[PDB]
Amino acid sequence: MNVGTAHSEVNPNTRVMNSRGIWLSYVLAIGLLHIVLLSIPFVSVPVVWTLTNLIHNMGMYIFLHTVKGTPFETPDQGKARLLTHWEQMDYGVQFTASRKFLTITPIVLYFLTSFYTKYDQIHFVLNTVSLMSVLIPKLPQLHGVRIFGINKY
Amino acid sequence: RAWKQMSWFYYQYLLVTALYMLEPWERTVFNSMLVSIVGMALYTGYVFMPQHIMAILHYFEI
Amino acid sequence: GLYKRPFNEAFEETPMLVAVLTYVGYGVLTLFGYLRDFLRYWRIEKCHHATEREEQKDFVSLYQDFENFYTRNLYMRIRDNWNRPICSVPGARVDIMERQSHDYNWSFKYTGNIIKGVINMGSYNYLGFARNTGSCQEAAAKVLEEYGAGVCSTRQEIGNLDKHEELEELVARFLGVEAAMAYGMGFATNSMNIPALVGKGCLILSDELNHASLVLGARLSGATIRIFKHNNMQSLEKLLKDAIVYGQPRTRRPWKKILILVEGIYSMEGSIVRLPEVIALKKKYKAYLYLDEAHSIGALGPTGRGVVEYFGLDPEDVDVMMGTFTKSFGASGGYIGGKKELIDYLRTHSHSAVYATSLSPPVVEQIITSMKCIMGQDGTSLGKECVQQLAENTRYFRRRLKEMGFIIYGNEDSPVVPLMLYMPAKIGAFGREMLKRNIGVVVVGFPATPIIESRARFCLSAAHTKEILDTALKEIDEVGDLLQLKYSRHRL
Amino acid sequence: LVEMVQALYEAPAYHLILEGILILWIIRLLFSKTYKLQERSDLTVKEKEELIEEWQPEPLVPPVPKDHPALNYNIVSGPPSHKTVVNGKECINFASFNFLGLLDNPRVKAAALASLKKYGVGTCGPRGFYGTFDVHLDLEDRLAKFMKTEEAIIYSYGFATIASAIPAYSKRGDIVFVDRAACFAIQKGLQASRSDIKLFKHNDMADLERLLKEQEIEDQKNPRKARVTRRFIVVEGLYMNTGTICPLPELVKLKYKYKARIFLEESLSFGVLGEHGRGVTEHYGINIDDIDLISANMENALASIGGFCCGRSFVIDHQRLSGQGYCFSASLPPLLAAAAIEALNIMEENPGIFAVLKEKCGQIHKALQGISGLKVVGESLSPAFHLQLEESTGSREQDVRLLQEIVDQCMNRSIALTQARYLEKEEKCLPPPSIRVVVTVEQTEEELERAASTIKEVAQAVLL
């Protein structure tokens with residue numbers, strides 16, 4: 001419904017990651033993706049793990065660092081009309097439990113997929129490129145800056 | 001009796017998965033994808049994993 | 001501050017499995033919404049909506065598409081639970097015009113039949129003054145015959161009448177404060193009087209769940225706004241200490257003023273403000289108090305004077321007491337009560353006093369008659385029976401629903417009962433099922449609330465008899481069995 | 001360089017990685033422009049307590065001066081209409097915005113009484129939650145058919161109508177070009193939104209053209225930003241502060257030449273201008289589809305509480321979910337809606353009352369010309385105009401006192417006038433003090449000429 005009916009906060013999008021059971025749901029979604037990837041018959045284990053890493057990282061990048069704004073009308077007159085979700089999170093507070101969790105989890109996934117890929121160099125470079133693509137925007141310095149003016153408006 | 005119970009369980013499935021508010025073709029798409037994934041998983045589990053769970057199911061049936 | 005009576009409230013936490021399933025449902029809805037947006041963009045499926053005129057195709061687009069996402073994909077699916085028209089007085093039973101949609105709620109067609117005798121749990125008449133036959137109706141009819149309907153000028157101009165002065169003095173007597181002023185809209189009261197009191201250089205401490213009118217009034221003024229947690233006295237005290245100690249943000253200077261905006265009863269949450277603690281804190285830290293009393297001016301109190309009587313406090317302690325006649329008295333309008341100097345400054349420097357048309361004569365007559373009946377000027381036994389029946393109904397309904405296994409928010413005294421649904425599909429399911437059984441309820445979803453709690457609000461009334469409550473309770477029990485809405489672990 | 005490259009290639013991998021991270025460290029030191037001092041101090045409990053004790057707040061309201069002209073309200077002992085009683089003195093109303101005299105028709109009162117019997121007074125909820133009646137939809141359909149427009153939306157309060165319509169479409173980052181002499185409701189609507197506001201001279205298309213050209217120049221610099229910036233032009237059909245009409249055709253040309261939408265406010269001109277009284281669009285013959293949004297209030301002409309906005313469904317449907325005065329407020333009481341419907345029926349039955357009002361305004365405006373110390377401000381077609389001091393004193397208080405002297409002396413002469421009221425500290429462009437003259441179809445020619453003679457005599461006696 002309309003924003004402000006049961007809560008005075010102008011931008012609810014900044015609290016969705018601080019809710020109850022959201023972290024458990026995130027981990028369960030990763031696990032379900034891994035299971036449905038293992039379900040494929042003709043794909044080997046290291047390929048499955050690198051696909052898990054790549055798909056999770058791509059989806060995370062798309063949702064956190066690509067889509068900007070809010071999916072609903074907001075009564076602060078579009079203050080966050082250009083900010084992405086990672087920038088909207090917690091009203092710009094750079095370190096928080098949710099931000100720490102979201103930054104840590106791809107690194108743990110990278111460690112697991114490096115162990116299960118037997119440290120192959122091709123998988124190493126693929127997973128490292130993906131991990132950098134996810135971890136670079138999380139830097140506090142890289143806040144509100146668009147390289148070469150891409151996705152600015 | 002049992003048909004009513006199964007219809008109730010399907011209703012609960014619709015409520016939980018939010019399929020209740022979708023249109024029929026969206027329900028068809030979601031159900032087809034779900035059954036395809038379950039069938040593929042069963043095929044993989046039978047082909048590769050040993051039938052130890054099948055032995056447990058047979059023991060439970062007996 | 002100390003309480004003369006126990007202060008009981010309960011906000012049970014969400015079960016973890018319920019939260020996980022809620023997130024599953026929201027994710028499914030978001031994915032299918034993205035799919036539908038993709039289909040509509042490529043014209044694969046014809047769009048059933050209005051578009052800009054052909055002569056303005058080269059203009060910048062009026063709206064942003066993404067802002068309407070939840071409107072196109074979530075709100076429109078369950079759109080039929082809202083905006084239900086009625087063709088009768090909003091009493092204990094209401095008549096609802098029936099409508100159907102053939103394109104999934106994108107357009108509604110009106111059938112000839114009319115649903116009759118729907119138990120009303122959505123209207124706001126707490127004391128049951130919404131009647132088409134009575135003494136108030138006759139007084140309003142006489143004043144309509146004499147004065148006409150509507151005034152065509154402003155209070156500072158020729159538009160000030162004697163009825164308005166009578167209403168203001170009667171309101172001042174009813175509240176117990178020295179003086180009061182009356183306006184023609186509850187929203188406008190806040191939006192047009194908060195900017196007058198404070199300005200640039202002052203601080204406003206606003207609760208987490210304030211109404212949109214209070215927030216808009218605070219934004220219109222140039223003051224700084226800081227938000228504390230709902231009914232968290234520790235957070236309020238911490239904010240007060242930090243504001244007094246550290247001064248203004250950029251150029252550290254003492255604050256010109258500190259104003260605390262609070263409400264009597266919070267409608268959606270169902271809780272009552274901890275007034276003794278707020279009063280003690282404002283006395284200790286020398287702050288001013290603005291008390292929105294729209295939902296409690298008739299519901300609460302042994303004689304229905306509001307929260308200040310409910311806690312047995314002194315009305316002179318609250319700097320500004322605002323209120324609304326819409327909820328309890330059955331007529332539109334609003335008021336602000338306080339000391340004489342405040343009322344004079346408001347009469348001189350209020351936006352609605354200078355630029356806005358004043359109240360209507362039949363409305364003020366209805367308010368006067370209702371409030372005289374409440375305070376017992378007519379001498380009839382009515383006016384106390386209403387309050388007693390409202391209290392009994394609230395206690396009975398809340399106890400019966402809590403012992404059925406449901407999760408309920410708020411105090412045991414508030415006549416507003418938020419039942420908890422927790423899932424997006426169960427919102428529409430509950431609305432449709434309850435309408436199918438002749439009960440009218442109000443359901444609130446995600447963007448209005450936090451994500452995990454979506455709810456249904458029951459508004460009790462003094463006009464609800466015992467048989468009506470029993471019928472509603474048995475239907476609610478049946479629906480809760482059907483939809484598995486009994487999440488409570490403590491009692492079931 | 002090649003030999004150096006070969007020597008570097010001769011090195012192991014860990015050594016080169018260590019050298020690289022050392023070089024990155026060196027860069028970090030070189031660009032560590034922050035000169036931290038390595039200190040940390042915190043306040044003491046007694047220091048906090050004494051700081052709290054020193055602070056003393058200002059009073060909630062400033063001390064009041066006893067000379068406030070607005071501190072005294074005129075008290076009307078009865079309905080404000082023709083032959084009203086103000087302050088206990090029987091007078092003739094020249095101050096209430098009741099142009100068509102619809103306040104006291106028997107038909108309007110009968111319709112209001114019937115709706116009161118059927119429904120009651122209060123609606124007991126917002127439009128979302130069981131506050132929508134059939135009378136509301138009926139009135140919306142009637143307004144849409146009357147204005148020859150697709151859709152209309154009803155607010156329960158005149159101010160909130162435009163004050164909530166404007167912020168719904170204009171957001172932060174957009175550009176609004178608003179006339180300098182715009183009513184307080186428009187100003188509050190523009191303040192509620194955080195868009196950029198660019199005032200232009202009253203009824204001056206040269207300044208509007210200049211501002212639009214400057215905006216196009218700014219657009220040429222950053223086209224990407226200019227493709228997501230919306231432009232609005234907010235004007236009034238008949239200005240309240242000046243009584244002057246607006247030049248629509250030039251505004252329409254400017255819109256179509258600079259891609260900037262138009263918002264029209266028609267509170268004064270809704271039921272007084274045009275052959276059928278549909279506003280200034282009939283007066284100029286402009287097509288209704290050129291104007292995106294038309295906002296009016298139902299108080300001045302229809303003589304009932306409320307307001308409305310009319311337009312195409314594409315623009316109107318947004319307000320049902322984004323207008324704050326609509327979403328978070330109780331709906332209009334049914335009896336007021338029924339009175340508005342009956343007033344619309346009366347207006348549709350006979351359109352000669354608009355011609356009668358026009359001729360009465362012409363007579364009074366022509367007769368009032370010739371005062372020695374007062375000048376008429378406003379057009380001949382306006383039902384309400386102003387009288388202002390030709391030569392004013394240095395300060396505003398003496399002007400207000402002289403105007404109130406004239407008003408009181410006229411009121412003792414059985415003519416009820418009023419003085420325009422403003423918020424001095426809040427108005428963007430404060431108009432000069434003036435006496436407001438309002439014309440009604442109830443007033444006869446003899447009464448109008450008597451009022452003109454009385455005003456002339458009193459003004460020439462007082463100003464001298």
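All residue numbers given refer to positions from 1 along each chain's written sequence rather than to the entry's numbering, and residues for which no coordinates exist are omitted. Chain A is the first chain written and ligand 1 is the first ligand written, with later ones labelled in order. Note: displayed chains form a subset of a larger assembly, with all reported quantities computed for the displayed subset only. Remark: hydrogens and water are excluded; side-chain values derive from all non-hydrogen atoms of the structure. Residues with missing side-chain atoms are left out of burial classes, side-chain pairs and their counts.

1. Observations concerning a nonpolar patch on the surface
Move 1: Exposure above 30% relative accessible area and no salt bridge define the residues that can form patches, which grow by joining like charges within 9 Å and nonpolar side chains of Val, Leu, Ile, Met, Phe, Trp and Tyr within 5 Å. Surface exposure here means Shrake-Rupley accessible area, sampled with a 1.4 Å probe, where a residue is shielded only by the protein chains that are shown. Here, a salt bridge means any side-chain nitrogen of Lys or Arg that lies within 4 Å of a carboxyl oxygen of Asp or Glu. The grouping of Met58(A), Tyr61(A), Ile62(A), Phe63(A), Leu31(C) and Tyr34(C) at the surface amounts to a nonpolar patch, some 580 Å² of accessible area in total.
Move 2: Among the elements that make up the nonpolar patch, the one with the highest residue count is helix α2 (residues 45-66) of chain A (four residues).
Move 3: Each helix is a run of H or I in the DSSP string that is no shorter than four residues. Each strand is a run of E no shorter than two, and both are numbered from the N terminus. When you line up the elements, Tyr61(A) lands in helix α2.

2. Concerning the UniProt feature "transmembrane region" in chain B
Residue and element names in this part refer to chain B.
Move 1: This chain's UniProt record puts "transmembrane region" on residues 6-22 and 28-50.
Move 2: The annotated region residues 6-22 carries 65% helix and 0% strand content, and the separation between its end C-alpha atoms amounts to 21 Å.
Move 3: The distance separating the terminal C-alpha atoms of residues 28-50 is 33 Å; by composition the span is 87% helix and 0% strand. UniProt positions are given in the numbering used here, feature names are shortened, and annotations may be inferred rather than shown by experiment.

3. A word on the packing of aromatic side chains
Move 1: Under the pairing criterion, centres of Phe, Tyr and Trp rings, with the six-membered ring standing for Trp, must be within 6.5 Å; the plane angle then separates stacked pairs below 30 degrees from edge-to-face pairs above 60, leaving the rest tilted. Counted under the stated rule, the structure contains 38 aromatic pairs over all chains.
Move 2: On the numbers, 5.2 Å between centres and 80 degrees between planes, the contact of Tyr41(C) with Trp42(C) is edge-to-face.
Move 3: The exposure class of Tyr41(C) is exposed, given its relative accessible area of 61%.
Move 4: Ring centres of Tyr155(D) and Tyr326(D) lie 6.1 Å apart, and the angle between their planes is 70 degrees; this geometry places the pair in the edge-to-face category. Taken together, the positions of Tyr155(D) in strand β3 (residues 151-155) and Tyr326(D) in helix α14 (residues 324-327) put the pair 171 residues apart, joining distant regions of the chain.
Move 5: Looking at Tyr155(D), the relative accessible area reads 2%, which means it is buried.
Move 6: Ring pairs connect the aromatic residues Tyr26(C), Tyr34(C), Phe66(C), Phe69(C), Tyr70(C) and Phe446(C), which therefore count as one cluster.
Move 7: Here, over-ring charges are defined by two tests on the NZ atom of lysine or the CZ atom of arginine: distance to the ring centre within 6 Å, and angle to the ring normal within 35 degrees. If you follow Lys138(A) out to its NZ or CZ, it ends over the ring of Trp86(A), 4.9 Å from the centre.
Move 8: The side chain of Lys152(A) reaches across the aromatic face of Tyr153(A), ending 5.2 Å from its centre. Throughout, exposure labels follow a simple rule: accessible area from a 1.4 Å probe, protein chains only, divided by the maximum for the residue type, with under 20% read as buried, over 50% as exposed, and the rest as partly exposed.

4. Observations concerning the sheet that holds strand β4 (residues 179-183) of chain C
Residue and element names in this part refer to chain C.
Move 1: By definition, two strands form a pair when at least two bridges between them are found by DSSP. The strand order across the open sheet built from seven strands is β4-β10-β9-β8-β7-β5-β6, with neighbouring strands paired in mixed fashion. Each of the sheet's edge strands pairs with one partner strand only, and the pair in question is β4 and β6 (224-228). Neighbour-to-neighbour, the strand axes of this sheet turn through a mean angle of 20 degrees, independent of strand direction.
Move 2: Examined bridge by bridge, β4 and strand β10 (residues 334-338) share five bridges and lie antiparallel to one another. Opposite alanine 180, over in β10, you have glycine 337 as the bridge partner.
Move 3: Those strands touched by helix α4 (residues 162-175) are β4, β9 (320-324) and β10, and its axis lies near 125 degrees from that of β4. Only the contacting stretch of a helix is used when fitting its axis, a line to C-alpha atoms as for every element, and angles between N-to-C directions run 0 to 180 degrees. Throughout, a contact is declared for two residues whenever any of their heavy atoms are within 4.5 Å.

5. Let's talk about the packing of helix α1 (residues 22-38) of chain A against helix α1 (residues 16-41) of chain C
Move 1: For the pair α1(A) and α1(C), the least separation of the axes is 9 Å and the interaxial angle reads 60 degrees. Put simply, α1(A) runs oblique to α1(C). Remark: the crossing between α1(A) and α1(C) carries right-handed chirality. Only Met16(C), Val20(C) and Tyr23(C) of α1(C) make contact with α1(A), whose side of the interface consists of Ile22(A), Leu24(A), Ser25(A) and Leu28(A).
Move 2: Each residue is assigned to one class: nonpolar for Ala, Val, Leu, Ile, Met, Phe, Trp, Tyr, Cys and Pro, charged for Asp, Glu, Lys and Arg, and polar for all the others, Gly among them. Looking at the contact of α1(A) with α1(C) residue by residue, the class counts come to six nonpolar, one polar and no charged. Oblique is the label for every angle not falling under 35 degrees (roughly parallel), over 145 degrees (roughly antiparallel), or within 65 to 115 degrees (roughly perpendicular). The sense of a crossing depends on the near helix, which, turned anticlockwise from the far helix by less than a right angle, makes the crossing left-handed and, turned clockwise, makes it right-handed.

6. Remarks on helix α5 (residues 134-146) of chain D
All names here are of chain D.
Move 1: Each helix should span, by expectation, one fewer than its residue count multiplied by 1.5 Å. With 13 residues, α5 ought to run about 18 Å at 1.5 Å a step, and its terminal C-alpha atoms sit 18 Å apart, in line with that.
Move 2: Three or more residues of α5 are buried, namely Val135, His136, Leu139, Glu140, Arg142, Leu143, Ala144 and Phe146.
Move 3: Residues of α5 that are buried make contact with β3, β9 (307-311), α13 (319-322) and α15 (334-349).
Move 4: Just past α5, the residue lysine 148 takes up positive phi, approximately 55 degrees.

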